């Protein structure tokens, strides 16, 4: 149930070695409590020692993480990526192109680091990759700390980091989530919630708390980064959120929903050189940012045009409980497609409407238009429209009923597709559709149903969690979290009693009926 490990540097050796238990003298230590049977979550607590340089800390952080979560990593790999571009892959094809792309990209980053040893930016990127290298090395049982260049394998643990990036890399290489930010009445509080939609096979979950001692640049005279403390929802072997939902010790909450790209003329902006993958840009921005504007400035450098998201950056340092609109700084919105990033401060809009909802469609009209959504509105109607899609419509009618944390959870878990008129798809047979909800349950659509596009089909996919925080909760690096598909008004998901009983789901509860829990 619980496991603690520390990575020590033996100065006389000078070899890195793992020891069981807590050793404050170590480079890093981690502690995992698996409570998946009881709550649907595991919990990871990890620390690095600032008496060592931040490069050794990063490597050690990956090492001790892998060390306490080996079984979970094994099962997650088996559930999610074991067949991806495997030995027997038919598309031979796409896989060689993918592997060439990733090797060129990894090699491009290694070259930039060696050409720029004094760059704060490339220092942050190197820390991130050292952590990835530590994680893989540890899992394989053989530790080797690199002082210069190192090789990340394209299809090893990197594959756990790039699942979001692969959504765009697949079409670019020619292969054949709900969020709500709610200002409570009288400005009493500011609530921030996110509900990740994913495949049911991905539901091995870890909430991770990192306490690092990284510096902004490659010399010890640089200040400690603003984002050394963070809590985020995550997965085994994944050294960032993926959801995404982070509470940062710099006073920021960062979260996104995915927008993607439907314009094939934009794929030419996805290149192996001059592009840093989204997961790294996300990690680097989270570390360096003091505020929304700085987060956006850092994140949009070397835009890969992969894992194209709408990001919301909430800066709780600019929020005064009971206060009037400060005019700026509270909410920053960023949208990314290939070749284009649009950023705006949306504080005034948040104070005006009292909320900001996000649901997989870009808010910025230039981004909406550039990514090909007009043609989809024209072909299929309001489902692709920003203001008139079902989720937008449910948020419009129900957001004001969120008056507290539990009400937020209720809306974020909302799915009553059999009875809600906003869940009716006129082109579909049957008309009610379980996709048309705050928390989707695609498993509940009939397999012989008639649907106009793929998103509406029966699938082992839907809302798989909710995380909620507030001004006071974020201050204590804390959230409410519920794991599993929604069961408030829908029958609980159960693997053995579903059309998907045969899918691998190692380590996962059969029945998903968990209630929200306080983390920590």
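Numbering follows the first chain given and starts at 1.
Where residue 144 is followed by residue 145 in the displayed chain, the model omits none of the deposited residues that would sit between the two. Between 245-253 and 416-424, the higher mean Cα B-factor belongs to 416-424. Averaged over their C-alpha atoms, the temperature factors of 56-64 and 480-488 are higher for 480-488. The residue among 197, 364, 94, 108 whose C-alpha carries the highest B-factor in the deposited model is 94.
When all modelled residues of the chain are sorted by CA temperature factor, residue 464 is found within the lowest third.
Split the chain's modelled residues into thirds by C-alpha temperature factor. Residue 189 is in the middle one. Per the deposited record, the Cα B-factor of residue 81 falls in the highest third when ranked against the other modelled residues of its chain. In this PDB entry, residue 451 carries a Cα temperature factor that places it within the highest third of its chain's modelled residues. The PDB entry assigns residue 282 a C-alpha temperature factor belonging to the lowest third of its chain's modelled residues.
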